[PDB]
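Just one chain is shown here, as structure tokens, and it is the form deposited in one PDB entry.
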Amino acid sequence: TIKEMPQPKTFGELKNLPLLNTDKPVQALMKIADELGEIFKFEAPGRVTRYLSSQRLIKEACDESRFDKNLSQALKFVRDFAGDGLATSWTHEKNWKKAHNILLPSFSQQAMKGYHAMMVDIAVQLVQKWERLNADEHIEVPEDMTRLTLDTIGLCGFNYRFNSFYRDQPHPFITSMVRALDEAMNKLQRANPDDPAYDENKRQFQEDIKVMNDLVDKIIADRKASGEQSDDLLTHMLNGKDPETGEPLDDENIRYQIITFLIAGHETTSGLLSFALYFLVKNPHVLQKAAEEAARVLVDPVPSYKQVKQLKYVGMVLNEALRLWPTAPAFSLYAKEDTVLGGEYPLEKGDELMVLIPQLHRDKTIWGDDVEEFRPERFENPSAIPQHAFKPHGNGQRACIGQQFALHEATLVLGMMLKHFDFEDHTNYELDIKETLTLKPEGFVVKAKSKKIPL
């Protein structure tokens, strides 16, 4: 039953590339999926991939015996500053499994318990900032969520204070990062990146890369000379030994891991929190239910690790926000061997796939007719959800290593926001999703009304 797969409109020798000439390429690709269905071919000069949108096909793509992680063009461009750190290495590169073995214990339960106090440090700064707003001032949500998540990975992971809440403008790092990511997303559609029209982009790309590397130097300098005894992510990077190869990470790879974790360790969690608050103010009944949980569980001025673990409904709220708007919206795979997808689409060894996660999460055959509704109760029973229906953290051994960190931070912070404030969508905000490879609301503002509960 070999089928012929659809393909969106082409532009001569540029093939489908100009379809990416937009500030919202993932959303453009979702619209193409709406029109073409669960699978479509997408070509650019010298490259073919296939976008998958249905759980029917993606459950086969998640078979690690048949498919391995591929570096998308986006990840290849990010590799220009993230090197062979965990997220931009091939599975078969020595440094992938070696760093994985070394850094996995930094996300154990016992590690999470160790990060918790510093997580609270930053969360309290967020709550205090909002308690200190004047009447009828408002909250810039993604901006403040990015302050929080950047500061949290800096402090918990590296004992470094970005002090983002002492800045009215984004930290230098954030500004460069967003620009490197902008450049990487915009470079996706460039048919001739060597055209001298892009010489300034190339120069600016290097400038932003040094800014990001300078902080990495300072983070490493401060730890090596410190007199304090740390046990955090940096500690493991500098001292951990891989059981398999027996070797620690070398200095060049450590630097790549720091860049990787500073970016991956915050940018998507700030998007998650922004989307979760958006859906909560648009769904007051859900907000109330999660606020009731927050009030019942967070009975102390400072949340404890054990209490965050009991914010189970807040946890479902976050999962449902990742369902509708997974903030890292795609991942890529290649066929390890010739194989047939869905009994219908033969693939040759090396053939590539793109998993379009926001579209997967809208598969009506899985979620039902109410698929656009925000119903955290969808997640009450993981056993009732078919395999590989829900993939906001990627797949298999290349799934997100930071998943527990992200969800613990987001549950703590959202729990505290719902404990301490009522929220008002005072502008009737119209969701507008900015793309920097990752996804985040833009211009989302709310007003908080303090419940006047002491910290």
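In this text, residue numbers run from 1 along the sequence as written. We call the rigid core the largest set of C-alpha positions that still match within 1.5 Å between the two forms.
Another form exists, deposited in another entry; not displayed. Remarks below refer to it.
- Rigid core superposed between this form and the one not shown, residues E200, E348, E372, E228 considered: the one with a C-alpha shift of 2 Å or more is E228.
- For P170, a C-alpha deviation of 2 angstroms or more is recorded between this form and the one not shown after rigid-core alignment.
- Relative to the superposed core, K218 undergoes a C-alpha shift of no less than 2 Å between this form and the one not shown.
- Three angstroms is the minimum change: in that other deposited form, the CA atoms of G227 and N239 sit closer than in this structure, by 3 Å or more.
- Relative to the shown form, the CA atoms of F173 and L431 are pushed 3 Å or more farther apart in that other deposited form.
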